[PDB]
Every structure is written in structure tokens, then in C-alpha cells.
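Enquirer: My questions will all concern the structure given below.
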Amino acid sequence: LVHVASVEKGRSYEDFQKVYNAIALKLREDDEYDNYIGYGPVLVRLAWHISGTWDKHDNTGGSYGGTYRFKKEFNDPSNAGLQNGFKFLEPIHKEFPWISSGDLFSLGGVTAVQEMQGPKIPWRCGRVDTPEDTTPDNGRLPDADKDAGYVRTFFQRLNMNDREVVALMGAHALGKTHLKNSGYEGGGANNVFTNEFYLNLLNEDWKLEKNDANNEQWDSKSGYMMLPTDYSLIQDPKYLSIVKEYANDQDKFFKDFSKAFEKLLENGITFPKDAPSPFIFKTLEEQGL
Ligand code: HEM
């Protein structure tokens, strides 16, 4: 099964920078969502969940086909709460109806990371909407109540190694958990991209508590929280080394995150030899907008 990228007809860098700007202006304007966190964190989670269905063994799932627009994937229990990200993007898609669904959902994640002062993430266009029958079944996204061995094994399906996994998990410095979405509650409610996930893991005094949904989570008196799969990164000696590396080197973390997140968003896609080079979008701030 091969998914060949095909550039939206006649479109070039300038077209996609217009779409980036539309998403970025809306992130700035619609600022009250989720108690003033804004939509940045949910758009990052959305880009990850539409990509995280990929299976390296048969090349099914992944961001290419934009299949989250179909009921089976939209209603996956693992995707509860992402409807808010979908509603945010819908008017953008109406304004630019030429962009494919996979391109829009993945570009939403790139725009959110950059506008939250994260690293630049190169991004390639040419995902093509595929039919409803290509939608992966539910149950490909990970559980949170597991240990390090589970996390490592899970991510082998997406062709990610230990450094890639620990870099990708740094996105958990953003946003919060919501009891009604996932059975977990709390978090720092942060909307600026930093390496604070690693600093908090190493520096806070974590307590294992049970929440109102009867699930265990790790809580600190500062108001931070970690899922069991987050805490597993300091229980496994290989993950722990890399957590310490990113707690001590913000630039290294930004560089490794950028590469792992681009790879996540591109898994399963074949880019022709004559495809355009990846784009690097300017932020609103760099444009003076
Ligand atoms: C073992 C892997 C992972 C598990 C089990 C996990 C699980 C979760 C859960 C349960 C939530 C809370 C959802 C809610 O209640 O609203 C969440 C939030 C989030 N996750 Fe993950 N996740 C994982 C990996 C990742 C990765 C790789 C990224 C992105 C690179 C990501 C980005 C996010 C973001 C940004 C949020 C906050 C969303 C918001 O504030 O609305 N996660 N995750």
C-alpha cells in the first residue's frame, strides 16, 4: 500500500503561508477556550492523533488520508475532546477549500507549536483525502495507565526509537487533562512551548493519588500532574538518561522535537523526487502581524 504525496493543484509556499496565517490569527483571537489556555494544545494533540494511527507493518492509518473527518475515527473514545480542534479548523477549511484534510490537520499542529514559541517544524504538503473505507479501526492510539515497556513497544509500531519517544512526550508540557475526556484531571494549563515537562518530572515531589474517575495519576502540590505513562520515563533507565539531557539543554530538546514531530506527521507518505522541499513558515511575530 503506497500513499504518494500530490501537491494541491497550482499551490506553492505563499498559498500555505496564507493558511498558516489564518490559523495563527485565529489562535490569537479565540483566546478564551479552556479557561484561557486557547486552542494551541488541543491542535497539537489533534495533529498527533490523526498521525498516531499509523502502522509501519502495512502502511495503514497515519495523516495522509485525513480520515478523522469520518464518523468511525471522529468518534473513537481515544479522540474525545478533539472535536473542539475540528470545530476551530472548520471555518479555515471553508475559506481555503482547496487544502486536503490531512494537510489542514497536520498544518494546524505545526502552526500551534510555532505560535506557542516552540521550534520551527518543516512541513510538506500533498496529503490526499482517501475514502471512508480507508479509515482505521479504533484502538490504535495508546493507553495512559501503562508502564515504560508498554510505551516502548507501542511506539515501535510508529517506527520511533527511545530518543524520539522521549522528545515527542515533551509536548505534555502543554494544556491539561479533562476528566470527561480521558478520566484524568489537572495539569499546569500551559500554552508556551518549553522543556518544562522534563524539569517537572525531575524536580517535583510526585504523589500517587486516585482521581474522581477512580484512575491513578501522579500529582504535585504545585498543581502539576503526570499520567502513569509520563512517570514511566523516569522509572526506565534508558528513558531517564534522555529526560535528564532535555531538562539540561533546551536547544537540543527543540531540535529533536522538531525532527520527531515532522517524522510523525510524514509517516506513511511517499514524496516524489520532484516534490517541493519542506516549507518553513514564518510566525505572525516574524511577519510583524
Ligand atoms: C504514550 C503516549 C501518550 C498518551 C498515553 C497520551 C495521553 C494523553 C491524555 C490522556 C491526555 C488528556 C486528554 C484530555 O483529557 O483532554 C493527553 C493530552 C495531551 N497530549 Fe498526549 N498522550 C501521549 C502522547 C502524546 C504525544 C506524542 C503528543 C504530541 C506530540 C501529545 C500531546 C498532547 C497534548 C498537547 C495534550 C493536551 C491537550 C489539551 O490540553 O486539550 N501526547 N495525552
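Ligands are numbered from 1 in the order shown, chains are lettered A, B, ... in the order of the C-alpha cells, and residues start at 1 in each chain.
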Can you check which parts of chain A lie within 7 Å of ligand 1? Per residue, the shortest pair of atoms and distance in Å to one decimal, counting only C-alpha atoms and all ligand atoms, sorted by chain and number, as JSON lines.
Expert:
```
{"residue": "A:41", "atom": "CA", "partner": "ligand 1", "partner_atom_place_in_ligand_line": "35 (C)", "distance": 4.2}
{"residue": "A:42", "atom": "CA", "partner": "ligand 1", "partner_atom_place_in_ligand_line": "41 (O)", "distance": 4.1}
{"residue": "A:44", "atom": "CA", "partner": "ligand 1", "partner_atom_place_in_ligand_line": "35 (C)", "distance": 4.9}
{"residue": "A:45", "atom": "CA", "partner": "ligand 1", "partner_atom_place_in_ligand_line": "32 (C)", "distance": 4.3}
{"residue": "A:48", "atom": "CA", "partner": "ligand 1", "partner_atom_place_in_ligand_line": "29 (C)", "distance": 5.2}
{"residue": "A:81", "atom": "CA", "partner": "ligand 1", "partner_atom_place_in_ligand_line": "16 (O)", "distance": 5.8}
{"residue": "A:142", "atom": "CA", "partner": "ligand 1", "partner_atom_place_in_ligand_line": "5 (C)", "distance": 4.9}
{"residue": "A:143", "atom": "CA", "partner": "ligand 1", "partner_atom_place_in_ligand_line": "5 (C)", "distance": 4.7}
{"residue": "A:144", "atom": "CA", "partner": "ligand 1", "partner_atom_place_in_ligand_line": "5 (C)", "distance": 3.7}
{"residue": "A:151", "atom": "CA", "partner": "ligand 1", "partner_atom_place_in_ligand_line": "1 (C)", "distance": 5.4}
{"residue": "A:168", "atom": "CA", "partner": "ligand 1", "partner_atom_place_in_ligand_line": "30 (C)", "distance": 4.7}
{"residue": "A:169", "atom": "CA", "partner": "ligand 1", "partner_atom_place_in_ligand_line": "27 (C)", "distance": 5.0}
{"residue": "A:171", "atom": "CA", "partner": "ligand 1", "partner_atom_place_in_ligand_line": "30 (C)", "distance": 4.9}
{"residue": "A:172", "atom": "CA", "partner": "ligand 1", "partner_atom_place_in_ligand_line": "33 (C)", "distance": 5.3}
{"residue": "A:174", "atom": "CA", "partner": "ligand 1", "partner_atom_place_in_ligand_line": "35 (C)", "distance": 5.2}
{"residue": "A:175", "atom": "CA", "partner": "ligand 1", "partner_atom_place_in_ligand_line": "40 (O)", "distance": 3.3}
{"residue": "A:176", "atom": "CA", "partner": "ligand 1", "partner_atom_place_in_ligand_line": "40 (O)", "distance": 4.2}
{"residue": "A:177", "atom": "CA", "partner": "ligand 1", "partner_atom_place_in_ligand_line": "15 (O)", "distance": 3.6}
{"residue": "A:178", "atom": "CA", "partner": "ligand 1", "partner_atom_place_in_ligand_line": "15 (O)", "distance": 3.7}
{"residue": "A:179", "atom": "CA", "partner": "ligand 1", "partner_atom_place_in_ligand_line": "15 (O)", "distance": 5.9}
{"residue": "A:180", "atom": "CA", "partner": "ligand 1", "partner_atom_place_in_ligand_line": "15 (O)", "distance": 6.9}
{"residue": "A:181", "atom": "CA", "partner": "ligand 1", "partner_atom_place_in_ligand_line": "15 (O)", "distance": 4.5}
{"residue": "A:182", "atom": "CA", "partner": "ligand 1", "partner_atom_place_in_ligand_line": "15 (O)", "distance": 4.3}
{"residue": "A:183", "atom": "CA", "partner": "ligand 1", "partner_atom_place_in_ligand_line": "15 (O)", "distance": 6.7}
{"residue": "A:184", "atom": "CA", "partner": "ligand 1", "partner_atom_place_in_ligand_line": "15 (O)", "distance": 5.9}
{"residue": "A:185", "atom": "CA", "partner": "ligand 1", "partner_atom_place_in_ligand_line": "15 (O)", "distance": 6.8}
{"residue": "A:229", "atom": "CA", "partner": "ligand 1", "partner_atom_place_in_ligand_line": "1 (C)", "distance": 5.7}
{"residue": "A:261", "atom": "CA", "partner": "ligand 1", "partner_atom_place_in_ligand_line": "30 (C)", "distance": 6.5}
```
Enquirer: Considering only C-alpha atoms, return as a count of residues only whatever protein or nucleic-acid residues lie within 8 Å of stretch 237-240 of chain A, sequence-local ones (same chain, fewer than 2 positions apart) excluded.
Expert: 9
Enquirer: From the list A:124, A:210, A:103, A:84, which residue is nearest residue A:276 when using only C-alpha atoms?
Expert: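 For residue A:276, the nearest of the candidates is A:124.
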Enquirer: Can you list, as a CSV table (one decimal) with C-alpha atoms, in the first residue's frame, every protein, DNA or RNA residue that comes within 10 Å of stretch 266-269 of chain A when you count only C-alpha atoms, leaving out same-chain residues fewer than 5 positions away?
Expert:
```
chain,number,residue,atom,x,y,z
A,1,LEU,CA,0.0,0.0,0.0
A,2,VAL,CA,1.7,3.3,-1.2
A,3,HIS,CA,0.5,6.8,-0.5
A,4,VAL,CA,2.1,9.2,-2.9
A,5,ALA,CA,2.0,13.0,-2.0
A,51,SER,CA,-0.9,10.7,12.7
A,52,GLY,CA,-0.6,8.2,15.6
A,54,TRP,CA,-0.1,4.6,11.5
A,55,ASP,CA,1.1,1.1,11.4
A,56,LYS,CA,4.6,0.6,9.8
A,58,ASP,CA,1.1,-2.5,6.4
A,59,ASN,CA,1.2,1.3,5.9
A,60,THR,CA,-2.3,1.8,7.1
A,61,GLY,CA,-3.5,4.9,9.1
A,62,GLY,CA,-1.4,8.0,9.5
A,63,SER,CA,-2.0,11.5,8.5
A,64,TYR,CA,-2.2,11.0,4.7
A,65,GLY,CA,-5.9,10.3,4.1
A,106,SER,CA,-1.2,18.5,10.3
A,123,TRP,CA,6.2,20.8,6.8
A,124,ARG,CA,5.5,19.2,3.5
A,125,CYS,CA,2.2,19.4,1.6
A,126,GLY,CA,0.4,16.8,-0.6
A,127,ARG,CA,-1.7,14.6,1.6
A,158,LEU,CA,5.2,4.1,14.6
A,159,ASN,CA,9.0,3.4,13.9
A,260,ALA,CA,10.5,13.7,15.6
A,261,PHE,CA,7.3,15.7,15.1
```
Enquirer: So which one's closest to residue A:223, A:189, A:157, A:194, A:69? Using only C-alpha atoms, please.
Expert: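 Of all the options, A:189 lies closest to residue A:223.
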Enquirer: Do you know which residues are at most 12 Å from residue A:110 counting only C-alpha atoms, after dropping those on the same chain fewer than 6 positions away, and could you put them as an mmCIF file with N, CA, C and O atoms, in the first residue's frame?
Expert:
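Output contents, as saved in around.cif:
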```
data_model
loop_
_atom_site.group_PDB
_atom_site.id
_atom_site.type_symbol
_atom_site.label_atom_id
_atom_site.label_comp_id
_atom_site.auth_asym_id
_atom_site.auth_seq_id
_atom_site.Cartn_x
_atom_site.Cartn_y
_atom_site.Cartn_z
ATOM 1 N N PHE A 16 0.240 28.261 1.230
ATOM 2 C CA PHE A 16 0.244 27.593 2.541
ATOM 3 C C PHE A 16 0.582 28.574 3.667
ATOM 4 O O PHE A 16 0.035 28.437 4.776
ATOM 5 N N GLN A 17 1.429 29.569 3.402
ATOM 6 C CA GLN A 17 1.663 30.598 4.443
ATOM 7 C C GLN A 17 0.379 31.364 4.736
ATOM 8 O O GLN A 17 0.153 31.763 5.886
ATOM 9 N N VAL A 19 -2.629 30.025 4.768
ATOM 10 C CA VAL A 19 -3.437 29.150 5.601
ATOM 11 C C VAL A 19 -2.826 29.192 7.019
ATOM 12 O O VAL A 19 -3.561 29.280 8.022
ATOM 13 N N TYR A 20 -1.496 29.053 7.098
ATOM 14 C CA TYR A 20 -0.804 29.158 8.423
ATOM 15 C C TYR A 20 -1.284 30.470 9.101
ATOM 16 O O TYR A 20 -1.649 30.475 10.288
ATOM 17 N N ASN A 21 -1.232 31.587 8.358
ATOM 18 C CA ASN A 21 -1.605 32.872 8.987
ATOM 19 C C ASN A 21 -3.039 32.892 9.479
ATOM 20 O O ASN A 21 -3.320 33.476 10.531
ATOM 21 N N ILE A 23 -4.821 30.309 10.554
ATOM 22 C CA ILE A 23 -4.891 29.515 11.793
ATOM 23 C C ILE A 23 -4.270 30.336 12.926
ATOM 24 O O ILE A 23 -4.842 30.385 14.011
ATOM 25 N N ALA A 24 -3.114 30.957 12.674
ATOM 26 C CA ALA A 24 -2.363 31.684 13.717
ATOM 27 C C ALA A 24 -3.174 32.892 14.212
ATOM 28 O O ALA A 24 -3.220 33.158 15.419
ATOM 29 N N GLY A 40 -4.187 26.160 21.215
ATOM 30 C CA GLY A 40 -2.854 25.598 20.795
ATOM 31 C C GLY A 40 -2.670 24.152 21.199
ATOM 32 O O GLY A 40 -2.399 23.316 20.361
ATOM 33 N N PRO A 41 -2.825 23.838 22.507
ATOM 34 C CA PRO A 41 -2.585 22.450 22.920
ATOM 35 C C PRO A 41 -3.523 21.445 22.260
ATOM 36 O O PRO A 41 -3.068 20.370 21.797
ATOM 37 N N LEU A 43 -4.881 21.603 19.313
ATOM 38 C CA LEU A 43 -4.467 21.404 17.910
ATOM 39 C C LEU A 43 -3.229 20.519 17.806
ATOM 40 O O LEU A 43 -3.085 19.780 16.827
ATOM 41 N N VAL A 44 -2.303 20.622 18.776
ATOM 42 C CA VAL A 44 -1.123 19.729 18.763
ATOM 43 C C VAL A 44 -1.609 18.300 19.004
ATOM 44 O O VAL A 44 -1.158 17.352 18.327
ATOM 45 N N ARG A 45 -2.488 18.117 19.987
ATOM 46 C CA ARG A 45 -2.977 16.740 20.253
ATOM 47 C C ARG A 45 -3.714 16.141 19.045
ATOM 48 O O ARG A 45 -3.600 14.958 18.735
ATOM 49 N N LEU A 46 -4.433 16.989 18.323
ATOM 50 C CA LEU A 46 -5.142 16.576 17.126
ATOM 51 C C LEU A 46 -4.177 16.111 16.040
ATOM 52 O O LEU A 46 -4.349 15.097 15.449
ATOM 53 N N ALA A 47 -3.148 16.892 15.814
ATOM 54 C CA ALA A 47 -2.138 16.517 14.755
ATOM 55 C C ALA A 47 -1.502 15.167 15.136
ATOM 56 O O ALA A 47 -1.260 14.301 14.289
ATOM 57 N N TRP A 48 -1.259 14.976 16.430
ATOM 58 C CA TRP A 48 -0.689 13.690 16.889
ATOM 59 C C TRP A 48 -1.687 12.543 16.765
ATOM 60 O O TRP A 48 -1.343 11.484 16.255
ATOM 61 N N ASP A 103 -3.592 17.632 5.180
ATOM 62 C CA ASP A 103 -2.714 18.814 5.195
ATOM 63 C C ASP A 103 -3.204 19.811 6.231
ATOM 64 O O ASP A 103 -2.389 20.396 6.949
ATOM 65 N N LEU A 104 -4.517 20.087 6.269
ATOM 66 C CA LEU A 104 -5.000 21.076 7.255
ATOM 67 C C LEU A 104 -4.768 20.619 8.696
ATOM 68 O O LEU A 104 -4.334 21.432 9.537
ATOM 69 N N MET A 116 3.101 29.069 19.727
ATOM 70 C CA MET A 116 3.346 28.948 21.198
ATOM 71 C C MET A 116 4.848 29.049 21.518
ATOM 72 O O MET A 116 5.302 28.667 22.599
ATOM 73 N N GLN A 117 5.625 29.602 20.572
ATOM 74 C CA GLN A 117 7.062 29.937 20.780
ATOM 75 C C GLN A 117 7.938 28.654 20.787
ATOM 76 O O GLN A 117 9.039 28.641 21.318
ATOM 77 N N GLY A 118 7.419 27.584 20.161
ATOM 78 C CA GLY A 118 8.225 26.361 20.013
ATOM 79 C C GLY A 118 9.188 26.445 18.834
ATOM 80 O O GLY A 118 9.335 27.480 18.184
ATOM 81 N N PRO A 119 9.841 25.327 18.511
ATOM 82 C CA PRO A 119 10.793 25.306 17.399
ATOM 83 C C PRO A 119 10.049 25.417 16.060
ATOM 84 O O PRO A 119 8.845 25.092 15.969
ATOM 85 N N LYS A 120 10.768 25.814 15.024
ATOM 86 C CA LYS A 120 10.201 25.721 13.679
ATOM 87 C C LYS A 120 10.137 24.238 13.287
ATOM 88 O O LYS A 120 11.066 23.454 13.576
ATOM 89 N N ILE A 121 9.024 23.855 12.662
ATOM 90 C CA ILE A 121 8.783 22.471 12.237
ATOM 91 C C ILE A 121 8.640 22.527 10.709
ATOM 92 O O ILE A 121 7.616 23.025 10.204
ATOM 93 N N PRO A 122 9.608 22.013 9.955
ATOM 94 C CA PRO A 122 9.412 21.987 8.489
ATOM 95 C C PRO A 122 8.209 21.124 8.173
ATOM 96 O O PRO A 122 7.930 20.110 8.868
ATOM 97 N N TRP A 123 7.495 21.486 7.103
ATOM 98 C CA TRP A 123 6.226 20.817 6.828
ATOM 99 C C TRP A 123 6.108 20.624 5.330
ATOM 100 O O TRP A 123 6.501 21.511 4.568
ATOM 101 N N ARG A 124 5.616 19.476 4.905
ATOM 102 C CA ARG A 124 5.457 19.188 3.475
ATOM 103 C C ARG A 124 3.956 19.034 3.172
ATOM 104 O O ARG A 124 3.182 18.463 3.968
ATOM 105 N N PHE A 257 12.741 17.540 19.077
ATOM 106 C CA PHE A 257 11.310 17.551 18.912
ATOM 107 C C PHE A 257 10.882 17.878 17.487
ATOM 108 O O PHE A 257 9.957 17.227 16.933
ATOM 109 N N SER A 258 11.528 18.895 16.921
ATOM 110 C CA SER A 258 11.176 19.319 15.544
ATOM 111 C C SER A 258 11.315 18.132 14.572
ATOM 112 O O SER A 258 10.408 17.865 13.764
ATOM 113 N N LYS A 259 12.442 17.413 14.675
ATOM 114 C CA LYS A 259 12.668 16.284 13.752
ATOM 115 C C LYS A 259 11.665 15.169 14.003
ATOM 116 O O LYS A 259 11.119 14.587 13.039
ATOM 117 N N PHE A 261 8.649 15.320 15.412
ATOM 118 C CA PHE A 261 7.270 15.695 15.106
ATOM 119 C C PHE A 261 7.057 15.761 13.605
ATOM 120 O O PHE A 261 6.013 15.290 13.121
ATOM 121 N N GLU A 262 8.033 16.263 12.860
ATOM 122 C CA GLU A 262 7.895 16.224 11.375
ATOM 123 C C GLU A 262 7.781 14.743 10.932
ATOM 124 O O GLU A 262 6.923 14.380 10.084
ATOM 125 N N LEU A 264 6.701 12.110 12.589
ATOM 126 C CA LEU A 264 5.386 11.614 12.971
ATOM 127 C C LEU A 264 4.318 12.024 11.909
ATOM 128 O O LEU A 264 3.457 11.205 11.498
ATOM 129 N N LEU A 265 4.342 13.305 11.528
ATOM 130 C CA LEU A 265 3.356 13.860 10.583
ATOM 131 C C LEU A 265 3.563 13.357 9.162
ATOM 132 O O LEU A 265 2.652 13.488 8.340
ATOM 133 N N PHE A 279 8.518 23.254 3.584
ATOM 134 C CA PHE A 279 8.354 24.679 3.860
ATOM 135 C C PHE A 279 8.667 24.957 5.310
ATOM 136 O O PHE A 279 8.332 24.122 6.186
ATOM 137 N N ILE A 280 9.240 26.136 5.571
ATOM 138 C CA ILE A 280 9.367 26.628 6.941
ATOM 139 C C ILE A 280 8.595 27.935 6.995
ATOM 140 O O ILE A 280 8.932 28.900 6.283
ATOM 141 N N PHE A 281 7.500 27.928 7.751
ATOM 142 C CA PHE A 281 6.633 29.093 7.824
ATOM 143 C C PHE A 281 7.115 30.117 8.811
ATOM 144 O O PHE A 281 7.665 29.776 9.882
ATOM 145 N N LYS A 282 6.918 31.390 8.457
ATOM 146 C CA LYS A 282 7.203 32.486 9.367
ATOM 147 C C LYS A 282 6.071 32.583 10.369
ATOM 148 O O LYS A 282 4.888 32.410 10.002
ATOM 149 N N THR A 283 6.407 32.908 11.627
ATOM 150 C CA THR A 283 5.371 33.158 12.605
ATOM 151 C C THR A 283 4.707 34.526 12.352
ATOM 152 O O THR A 283 5.266 35.365 11.586
#
```
